[PDB]
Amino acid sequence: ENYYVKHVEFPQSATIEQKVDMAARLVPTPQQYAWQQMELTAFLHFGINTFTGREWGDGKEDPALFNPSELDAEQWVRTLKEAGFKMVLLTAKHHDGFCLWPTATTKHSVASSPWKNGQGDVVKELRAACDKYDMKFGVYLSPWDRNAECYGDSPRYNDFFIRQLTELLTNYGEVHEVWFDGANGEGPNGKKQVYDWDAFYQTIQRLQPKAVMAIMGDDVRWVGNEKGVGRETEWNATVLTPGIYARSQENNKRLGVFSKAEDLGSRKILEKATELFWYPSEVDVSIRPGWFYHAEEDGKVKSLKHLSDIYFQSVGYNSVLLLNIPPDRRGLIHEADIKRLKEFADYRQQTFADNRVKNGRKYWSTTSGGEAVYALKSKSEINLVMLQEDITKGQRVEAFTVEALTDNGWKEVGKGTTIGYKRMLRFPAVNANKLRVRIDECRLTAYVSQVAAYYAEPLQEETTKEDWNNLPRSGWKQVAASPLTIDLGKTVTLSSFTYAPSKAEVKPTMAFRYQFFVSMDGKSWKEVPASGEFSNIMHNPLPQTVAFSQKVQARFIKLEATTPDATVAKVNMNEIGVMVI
């Protein structure tokens, strides 16, 4: 049994059967395998953009603006260690070109900033904190540089880039990941850099034998979006050609593949492929809407439910999750982010504390149609199953089914396609005493190395914060759907009600003409005087607050409405707000 490390070329008139056989035996390097094991890593977007409020800087920023008031990289790393992250990855230089360490290559760095009298080095402080907490360290060094005069004079910039890279990879200990962002906004006009990606790779390999080269790299593949969503069917043995190879643009176009594409490795797409790459997916997403810190987003840190969903759709979908948490203008991770990271870590810890499968590491070799049964611990209730393949021998599983043995027989609890490094399936809780896994389809013989099962507490979405409703709807009860009639849950005095079409979107069924009524007992209804028209709502579906002439006492409210077409409107309780005095 032989394996192809990282790349395999199919012989010129290989049959699909031969391609499948070779594909099944394509395997990660030790560095790629070690990377995969991390699972959960942290991005730190920090730089001059933190101080200007921009997501992308333009290269004209004054270094004087870089001035963190109380920077503490130990606070960053302690927070992230405690939250479960296995590496921290710093934006040493973003597209704006401002360097966070005193590089010999340019004046456009912390050396030209007032921070610590020009004597600072953020990269150094982060490395010292990683040293203290035994945290792995990675660097983001933007290929696109909007400050450097030599950008787009290709050989000069390539040398410049290598000199920056060499500093980062020489003076700051071991580096486990080097991130080369593909983003470039020069556009059809402006500067045209031809990067020497191979020389950059040779530098990395010489200085940092453990490192993987990511994104514009052939070690780690961008998942294809920034929203935190991987693929249910995730082939890390992939036809997608790393962008750093000169042949990539033509070969990817010929196969109809690109980073965001749906299918990057099915047998169907193998048909026109002439080679295959071990090039595994990394899901990058921010804890906030933006990558850099904005105070405006302090109330927009992603909810626990959303972060959990991201986890299940990343780590649970055979990707590594790289979650960004941006330090602020103090040079600290903000309190809101800290609290939410702790919540997320506590949720994962609770969820994975008690594996209910006994003997789940019985290594299982099977071909298509094979089944394996696993006993559960006494009195198990489960709603989460985790599977792994032995990817040291390739990625092989193509379809599978999972069943749980109840008091009243086997119940199907999930179905999937790929497994890979790790695949998790969630389903409604069941009480069961065994689990059965069936490999419906696989390449060659599949090797399942673990099955595990858990009870994950179901999480509720966060309540949307609305400045036009100050009586939480958790206390309301719907009395009637049409006309929408609502018991607010106690007697209040109202200054207004608001009608907010769902998603602020126009629809044929929206309210236009209306009468609003109030009652103390839900039987005797008094009309509240109002214009009776949500004027222009069919061209502007943003919320409309109807300010009352008088303070209005109410226990129950009722909205009678017709649509722009004079039909009966449909209104949901979530589209109504009130302001209590």
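Position 1 is the first residue in the sequence shown; the rest follow in order.
Undergrad: If you average the Cα B factors in the entry, which is higher, 204-212 or 81-89?
TA: On average, C-alpha B-factors are higher across 204-212.
Undergrad: Between 395-403 and 112-120, which has the larger average Cα B-factor in the PDB entry?
TA: Between 395-403 and 112-120, it is 112-120.
Undergrad: Between 335, 167, 159, 343, which carries the biggest CA temperature factor in the record?
TA: Top of the list by C-alpha B-factor: 159.
Undergrad: Return the residue from 146, 503, 423, 231 that has the highest Cα B-factor in the entry.
TA: Highest C-alpha B-factor among the listed options: 503.
Undergrad: Going by the entry, which third of its chain does the Cα temperature factor of residue 290 land in?
TA: Lowest third - that is where residue 290 ends up once the chain's C-alpha B-factors are sorted.
Undergrad: Taking the values exactly as deposited, rank residue 45 by C-alpha B-factor within its chain and report the matching third: lowest, middle or highest.
TA: For residue 45, whose C-alpha B-factor we compare with every modelled residue in the chain, the answer is the lowest third.
Undergrad: Where does residue 65 sit by CA temperature factor within its chain: lowest, middle or highest third?
TA: Residue 65: CA B-factor falls in the middle third of its chain.
Undergrad: Pull the Cα B-factor of residue 282 out of the PDB entry and bin it into the chain's lowest, middle or highest third.
TA: It falls in the bottom third of the chain.
Undergrad: Could you say whether, by C-alpha temperature factor, residue 56 belongs to the lowest, middle or highest third of its chain?
TA: It belongs to the middle third of the chain when residues are ordered by C-alpha B-factor.
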